[PDB]
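To keep things clear, I will list the structure first and then write my remarks on it.
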Amino acid sequence: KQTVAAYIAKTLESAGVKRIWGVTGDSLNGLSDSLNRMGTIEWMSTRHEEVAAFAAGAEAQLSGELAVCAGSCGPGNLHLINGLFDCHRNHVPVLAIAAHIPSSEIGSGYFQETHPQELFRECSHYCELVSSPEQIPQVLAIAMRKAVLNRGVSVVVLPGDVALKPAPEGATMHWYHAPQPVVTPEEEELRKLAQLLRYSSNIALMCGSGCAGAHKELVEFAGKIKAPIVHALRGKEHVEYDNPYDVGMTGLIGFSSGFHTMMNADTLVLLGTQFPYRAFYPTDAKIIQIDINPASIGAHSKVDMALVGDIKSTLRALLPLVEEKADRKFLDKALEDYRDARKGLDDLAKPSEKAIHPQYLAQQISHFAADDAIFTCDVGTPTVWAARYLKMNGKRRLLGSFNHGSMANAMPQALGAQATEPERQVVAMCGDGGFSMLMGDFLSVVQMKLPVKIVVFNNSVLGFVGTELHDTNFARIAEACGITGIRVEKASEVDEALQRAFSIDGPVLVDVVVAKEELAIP
Amino acid sequence: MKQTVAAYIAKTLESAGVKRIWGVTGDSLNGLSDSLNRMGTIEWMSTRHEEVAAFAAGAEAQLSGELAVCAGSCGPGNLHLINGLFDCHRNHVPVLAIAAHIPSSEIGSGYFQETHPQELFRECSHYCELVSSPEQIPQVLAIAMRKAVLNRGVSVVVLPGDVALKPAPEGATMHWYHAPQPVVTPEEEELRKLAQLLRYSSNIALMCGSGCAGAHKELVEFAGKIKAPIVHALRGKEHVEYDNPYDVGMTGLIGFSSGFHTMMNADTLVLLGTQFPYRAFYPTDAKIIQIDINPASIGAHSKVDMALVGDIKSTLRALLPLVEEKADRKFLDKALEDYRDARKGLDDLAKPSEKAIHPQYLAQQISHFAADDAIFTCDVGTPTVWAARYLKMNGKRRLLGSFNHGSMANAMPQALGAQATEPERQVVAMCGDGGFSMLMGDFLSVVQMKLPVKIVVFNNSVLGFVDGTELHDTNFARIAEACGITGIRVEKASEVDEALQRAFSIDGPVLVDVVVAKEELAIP
Amino acid sequence: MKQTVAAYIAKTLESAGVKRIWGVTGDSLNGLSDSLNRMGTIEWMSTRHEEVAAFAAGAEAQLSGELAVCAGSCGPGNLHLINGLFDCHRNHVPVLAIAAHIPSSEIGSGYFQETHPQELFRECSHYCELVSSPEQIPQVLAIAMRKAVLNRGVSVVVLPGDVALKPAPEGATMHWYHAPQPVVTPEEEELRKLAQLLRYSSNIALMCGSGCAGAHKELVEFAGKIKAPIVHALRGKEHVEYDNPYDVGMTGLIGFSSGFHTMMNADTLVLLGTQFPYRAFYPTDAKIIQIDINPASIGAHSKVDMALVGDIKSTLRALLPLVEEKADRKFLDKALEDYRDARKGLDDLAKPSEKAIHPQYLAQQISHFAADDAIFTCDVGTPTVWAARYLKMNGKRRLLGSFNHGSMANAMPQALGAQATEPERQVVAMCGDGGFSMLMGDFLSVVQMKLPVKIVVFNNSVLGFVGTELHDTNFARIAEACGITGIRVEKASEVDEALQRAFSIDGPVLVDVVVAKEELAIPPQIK
Ligand SMILES: Cc1cc2nc3c(=O)[nH]c(=O)nc-3n(C[C@H](O)[C@H](O)[C@H](O)COP(=O)(O)OP(=O)(O)OC[C@H]3O[C@@H](n4cnc5c(N)ncnc54)[C@H](O)[C@@H]3O)c2cc1C
Ligand SMILES: Cc1cc2nc3c(=O)[nH]c(=O)nc-3n(C[C@H](O)[C@H](O)[C@H](O)COP(=O)(O)OP(=O)(O)OC[C@H]3O[C@@H](n4cnc5c(N)ncnc54)[C@H](O)[C@@H]3O)c2cc1C
Ligand SMILES: Cc1cc2nc3c(=O)[nH]c(=O)nc-3n(C[C@H](O)[C@H](O)[C@H](O)COP(=O)(O)OP(=O)(O)OC[C@H]3O[C@@H](n4cnc5c(N)ncnc54)[C@H](O)[C@@H]3O)c2cc1C
Ligand SMILES: Cc1ncc(C[n+]2csc(CCOP(=O)(O)OP(=O)(O)O)c2C)c(N)n1
Ligand SMILES: Cc1ncc(C[n+]2csc(CCOP(=O)(O)OP(=O)(O)O)c2C)c(N)n1
Ligand SMILES: Cc1ncc(C[n+]2csc(CCOP(=O)(O)OP(=O)(O)O)c2C)c(N)n1
Ligand SMILES: [Mg+2]
Ligand SMILES: [Mg+2]
Ligand SMILES: [Mg+2]
């Protein structure tokens, strides 16, 4: 004998969830009451539910495990929506509990009435209203299983009255963790691919986050066929380290070596990528794509050969079939292009008496941040600088809103990262627009005591792609909130400001006045 | 080489091997019709109601294992597809629907025939998008086709008639690379855990669904190794219920005692590739193990103590060598004995009589006289019960229905698709009188398309599965004759054998209108 | 009152005056069937396809002016209603759809027959909600019924079969108060402005749609006062094209020259209760004034220089005394002359011949021999063209079609609803061969319900309006096999007697008329 809400909480507990992110409301009484009497799952109270969703997404990204957020009826859960798009687009396992108005009032135009079970369809792969307690075991099981195994958001919509009703007595709360299966293409398909590669030249690999966990195989594959690698942004943390074949990125924020290697390839292998910018794929090259998701195949380019498979096990099965190629002209030219490009990048990142080049600031962040720091970066120029200047190493992490493309993601994600890894350094590279767009949750940094290092790229503008922001002193604002604030205006002050911020035993905001820059590198 | 968006679509489908498109025309489909006529390779199959086009395409996809296509004109045209598309999607068969749409310039104004197909079809598809711009078509079509084929379901492309007539992007490619399913099998560690669990479990039953298609050999070997009786969900019947000494029937209301009891009494239950939806028929204190390729199926209709994601064939192949042979066969032997009793009860109901024709007799005789490799379709209603209980399967015969979506009137439309896909093969539609008359207009398609379907109407002059249950008494044989198809009216049990034999021999379509009694479901 | 949710619904409908519910049963409808049986007042009308139940309910609501109801079982059952509900909603007729739903405990699990009707029906309704809890039903049903009747369109109530069987709330009331439409008239200032504008406008035409229903007298008086020819949109035909010396026909592709030119050449155009959707047929150079009760109609298919919200009857009554009589009638006289030419062209196409039966001859003869108060329905396709051009209206006859939603196969199903609603009245369905065969199963409903519909099939063995070839079918033979009289007509000389026979027979009849391919154009009259 327990409530529907208790059944949910116990089942989550069994699946190993550690916390739920949200803001309360009366519609969530059943859930709050369960959490209080359970005393194991921790409630993380944010100032805006949007931030709860972002934070849960960051937690799921880092842990590889189901994360949970919740919102009260109407406006409460509606506030989650932009953060849930980010979670879903980032392919991270997140369950959203959307509390709903009393079921008796549905359809009458009631106080706070919305229809969450319709609103959230696009940003989830499962979304249903629990009208009856008898639904909860099936609805919760499918929701959790899809969130974890399909890697995305599931939404359970729970009227507050239904939450307080008795759960079905025979229902079980134990959760069996089923890992991903091994997914690899048919042997014949691998043989066909190997044969194709045998007779292809000037091959480049475009690698995305689907290569996570396959570093060793990827590097061995590139070396075997002599293929330079370019990586999509979400592949950066997984691909751009211990990798003599990596030659950068394309797209507008990429650089010349990535751009040319991609354009000039005669054969292109897309490995676990969704890189969306169609005009950056070459016009006449064979294109081969390997992905676990049929929906990704052909999404942003023609495809001459498609294979469904997980990158790690596909490459393991493929490697022994692939003959080593001696011809390395294309690779050598790409590497030479890369050397030139990096040098161009580096020339932009120097100290000056004029104004602080944000690329200098980003470079120094990378230089002084921990060996295993977790970085988040706001959509806007901070994404450009992170892409171009953060050095990855297989331990560091980079989170952003790279697919959904939302401003204001950095600090909220940092919040989730820091709570998930309390001992780890977390550095939020924020825009002034981004930081102020969800500024209220700066107070969460204090309230939750999460030592997040916030660095604001204060260009007092909405700089990426004019439209001015009033000269704001964020350091002063931090101090007023009870967090250490450091105002940086001279390039010579940068090094010491970052070192101080990182050493302080607590959260810090470094407010750096930076120059407006350009995207292209001459 | 300039070409229209519609031509680009048609060429791409041609390259993917599509042979026909099912629909009814309209002006909003001019682009498409024009290019099908120019191309002269994909055949246009014109039905009387677009709902039937969708059912038929689903039957084609079910039988061929390959992408099938249907189309509808703007507004009401494509809207007519919807019930059939639910059936396709629920049956997990690869179908592309081209929904022609009003001219894009009139969208949002309350125009003649305005609907929003890109919203309507969300639920019965895994991909559904409006093509506003010619520049979309290569990506939209690629994703639509790839998802339909590999995710096994319906994709919808909504195409305003004016956009269809615009130039396709010049660099777009129309060649289609056929990517087969991957091999999907659980990690080794998980298989060893399962093997260990089975080693310490007793009284194991297997509940097998259509996910076992292609895995017959492994399934039977597995059951024999651990001594587990098999019960099958309805959509597993054609794949599981033959050359199988472990099979003990079905549960659910249309199942029977042996299936019922074996399921209820098991201490360990292994769900293999099944979505069997009737929650109260799963046992209450059993360990439940479920193997499925689709995370959404896991735990959908029962608790799950151990879940594994994997394809049945490849999972059982990897699992078998890890599983120790069990000597204890009491549970299996008792299930088999139950089964012997149940099958005798079933047989007692299927006898000729002077009173009235027992539909179960009729079904039994259909099974007896139909070809070794006949394709059967059956209407939702009593014909589904009789098919389930009396059609003998053998690894060549096929059974199609609307088993998940549960729509009346599916049998003849599916038969239409089956017959066109396999022109040399015998196709037998087991129809209800409600079902047949609900989409009766496409009976004319049987003549127009010259598809020798054998239609057998279970004429109980009622909506018998379930006020408004009485249908005015109707002679469907007479209606057939008036349409130019042979009609045989059967009212005495003694006439059944010869009526079926004549129908099956006739070189053309035939409707056999059999007056059958009302029957109870339970069996004494 | 101890009763179930379904019983509460049935009693409330009974109190609102509903006489019948159209549908096909299913187990998910047990609660409702149960209640209807026990009540014995509302009649269940069983069709062969639920799509037909929806069309038929729409026809009933169109003719009676009152709430009509249809129902469907869970999943495929109610899903089958959808195309007919689009027609109802687009025709602005009050219809409640009861969509039975799977047991609420199975929702979200991928259950047998699972759909989400509360999402599917959003576009073709102005109210659509799931009843999860018995406590909802009084509010949900009250809003559903009120919106259907007063907003004139479809409301959908989605009702899981288990919830249907639960107790209704004990204090709920089942009595229904009928609230009529309010009087809606523009503010006096706006009428004054309009009158002033008309005073200084010339060459004025009126484009009149079904919003003019009930305003014939005022409309004709208004046109005469300012000397404005009237053209009518198709759905205005039955309301406007009779006892009207100002009416000069229709535009659009199926309209004719006089309508076309009057519309194109006007310097001032007044849209009265119309949604005429074909944008290119509005004049490019004229002042446009639109009066409508629905803000969503204003400017939907043309620019608008002056807009007024009001009901046509009230608005014209308040406007007339403000409007000065105009002496200048050149524009009107020219339109009337154009009209005389156009009707003559129309008439020349409607002659008997030994070659083949011109469908326009067939339509003309239907109009000539049908009752003076017949109800006509016509399939989307050529029958709509012929009805538009050849049916003579008179203020008693009615014309139903699928004119906005534009669905094939509407004619016979609408005829079914019309005949049941008016059992003593002659109902003539002008069907296409495509239309008739597309929902042919419900031909059996004509027998089962014993509705004496007169079906006339324009058998051109093609999908003629717009892969169009249909195998030669003999529908008369099919009728006979179904137990209905069938008359096969192949010579023009046989038409007159075939129609007279069909209309006299005390029962339903199908007249299968082999007709020729035609064109929309009408050759000009001497100039
Ligand atoms: C302001 C801004 C500018 C940007 N500009 C650029 C730019 O110039 N260049 C750039 O590159 N990015 C840019 N982006 C980021 C860009 O939008 C995309 O987010 C990114 O390029 C996609 O990276 P990915 O392909 O790894 O994406 P993901 O979305 O992470 O794709 C993962 C892919 O791998 C597949 N996959 C996952 N797991 C496996 C597996 N085990 N085996 C096989 N396949 C698997 C998935 O199905 C999916 O297709 C920008 C972002 C922002 C905010
Ligand atoms: C009137 C009527 C009465 C009915 N009553 C009954 C009844 O009493 N009993 C009954 O059993 N049915 C009954 N049904 C049918 C029932 O509703 C379901 O259709 C049926 O039980 C489900 O069968 P299944 O599990 O094969 O379904 P499917 O939907 O075919 O299930 C397939 C499952 O296998 C998975 N899968 C697919 N491919 C693979 C693979 N390669 N490897 C691993 N997994 C895979 C899928 O993800 C899915 O979960 C009735 C139907 C009707 C119309
Ligand atoms: C094959 C085919 C071809 C067609 N071609 C043509 C054609 O060539 N020409 C043609 O005219 N039609 C044609 N149509 C029909 C056409 O599509 C439109 O449905 C029709 O023109 C609309 O007529 P209406 O304005 O009366 O429409 P309705 O939809 O009946 O619009 C009524 C309008 O009045 C408003 N209203 C209602 N009540 C009141 C009131 N009391 N006071 C004020 N306003 C009120 C409503 O809000 C609405 O704006 C065709 C149909 C078909 C099937
Ligand atoms: C919520 C949201 N609003 C608007 C945009 C459009 N947009 C993208 S980048 C950007 C500028 C971001 O400003 P800031 O955070 O200050 O970053 P900057 O580029 O200035 O460094 C805007 C307005 C967006 N991506 N998301
Ligand atoms: C489109 C549709 N309408 C209604 C139902 C509910 N229903 C299920 S079986 C049935 C009666 C079936 O009639 P018939 O085709 O004659 O089969 P039988 O009478 O032999 O059971 C009905 C009305 C349904 N499943 N699908
Ligand atoms: C359900 C539906 N499908 C398709 C269309 C497109 N369409 C419009 S008219 C027509 C021809 C109708 O054929 P028929 O009923 O025989 O009429 P006619 O031949 O007299 O034009 C078609 C197929 C439609 N409007 N509605
Ligand atoms: Mg900025
Ligand atoms: Mg029957
Ligand atoms: Mg025709």
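Chain letters run A, B, ... following the sequence lines, proteins first, then strands; residues in each count from 1. What's counted below: heavy atoms across the whole structure, side chains too, no hydrogens, waters or symmetry copies.
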Q | Pair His471(C), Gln448(B): side-chain N/O donor-acceptor within cut-off below 3.5 Å | A | no
Q | Short side-chain donor-acceptor distance under 3.5 Å, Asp87(C) and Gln414(C) | A | yes
Q. With a cut-off of 6.0 Å (strictly less than), are more than 12 heavy atoms of other residues, nucleotides or ligands near CD of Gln181(C)?
A. yes
Q: Using a cut-off of 6.0 Å, state whether more than 12 heavy atoms not belonging to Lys450(C) lie near its atom NZ.
A: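 Counting neighbours around NZ of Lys450(C), 12 or fewer heavy atoms of other residues, nucleotides or ligands fall under 6.0 Å, so no.
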Do [X] and [Y] sit within salt-bridge range, that is, some charged N less than 4.0 Å from a carboxylate O?
{"X": "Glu218(C)", "Y": "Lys313(C)", "result": "no"}
{"X": "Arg279(C)", "Y": "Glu106(B)", "result": "yes"}
{"X": "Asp372(C)", "Y": "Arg397(C)", "result": "no"}
{"X": "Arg488(C)", "Y": "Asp512(C)", "result": "yes"}
{"X": "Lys334(C)", "Y": "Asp338(C)", "result": "yes"}
{"X": "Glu60(C)", "Y": "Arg20(C)", "result": "yes"}

Q: Mind running side chain to side chain donor-acceptor pair (under 3.5 Å) on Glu238(C) and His232(C) for me, showing each step along the way?
A: CA-CA 9 Å; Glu238(C) 66 179 340; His232(C) 57 266; over 6 Å; no
Q | Taking every non-hydrogen atom, the tightest pair across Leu439(C) and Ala409(C) | A | CD1-O, 3.7 Å
Q. Nearest heavy-atom pair of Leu399(C) and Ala387(C): which atoms, and what distance?
A.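 So the minimum-distance heavy-atom pair works out to CD1-CB, 4.3 Å.
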Q: Answer yes or no: is there a donor N or O on one side and an acceptor on the other, between the side chain of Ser297(C) and the main chain of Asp292(C), under 3.5 Å?
A: no
(Q) Closer than 3.5 angstrom, by distance alone: can the side chain of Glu480(C) be matched with the main-chain N or O of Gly486(C) as a donor-acceptor pair? (A)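 Indeed, once roles are kept as given, a pair shorter than 3.5 Å links the two residues.
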**Q.** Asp347(C) vs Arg343(C), salt bridge (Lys or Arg N to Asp or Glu O under 4.0 Å): CA-CA, chis, key distance, verdict
**A.** CA-CA 6 Å; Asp347(C) 287 354; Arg343(C) 224 296 105 85; 3.0 Å; yes
**Q.** Point-to-point distance, once rounded to the nearest 0.5 Å, from CD of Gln364(C) to CG of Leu346(C)
**A.** 9.5 Å
Q) Roughly how far, to the nearest 0.5 Å, is the CE atom of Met440(B) from the CZ atom of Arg48(C)? A)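 The CE atom of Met440(B) is 8.0 Å from CZ of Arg48(C), to the nearest 0.5 Å.
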Q: For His405(C) and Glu114(B), run side chain to side chain donor-acceptor pair (under 3.5 Å): C-alpha distance rounded to whole Å, both residues' side-chain angles, the deciding distance at 0.1 Å, then the answer.
A: CA-CA 7 Å; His405(C) 181 52; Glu114(B) 183 156 13; over 6 Å; no
Q. Any idea how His216(C) and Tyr242(C) line up, ring-wise: parallel (<30°), tilted (30 to 60°), or perpendicular (>60°)?
A.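 Taking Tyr242(C) first and then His216(C), their aromatic rings lie parallel (interplane angle under 30°).
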Q | Passing option when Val513(C) is tested against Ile357(C), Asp433(C), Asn459(C) for side chain to side chain contact (heavy atoms under 4.5 Å, CB included) | A |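 Testing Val513(C) for a side chain to side chain contact (heavy atoms under 4.5 Å, CB included) against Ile357(C), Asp433(C), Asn459(C) leaves exactly one candidate, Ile357(C).
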Q | Sole candidate of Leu29(B), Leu81(B), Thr47(B) that passes side chain to side chain contact (heavy atoms under 4.5 Å, CB included) when paired with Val24(B) | A |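 Answer after filtering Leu29(B), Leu81(B), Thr47(B): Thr47(B).
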Q: For residues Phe475(C) and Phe436(C), establish whether the separation of their ring centroids is below 6.0 Å.
A: yes
(Q) Using the ring centroid of each side chain, check whether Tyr282(C) and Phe276(C) are separated by less than 6.0 Å. (A) yes
Q: Run the numbers on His49(C) and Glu51(B) for side chain to side chain donor-acceptor pair (under 3.5 Å), then give the verdict.
A: CA-CA 12 Å; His49(C) 192 297; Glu51(B) 182 170 354; 3.1 Å; yes
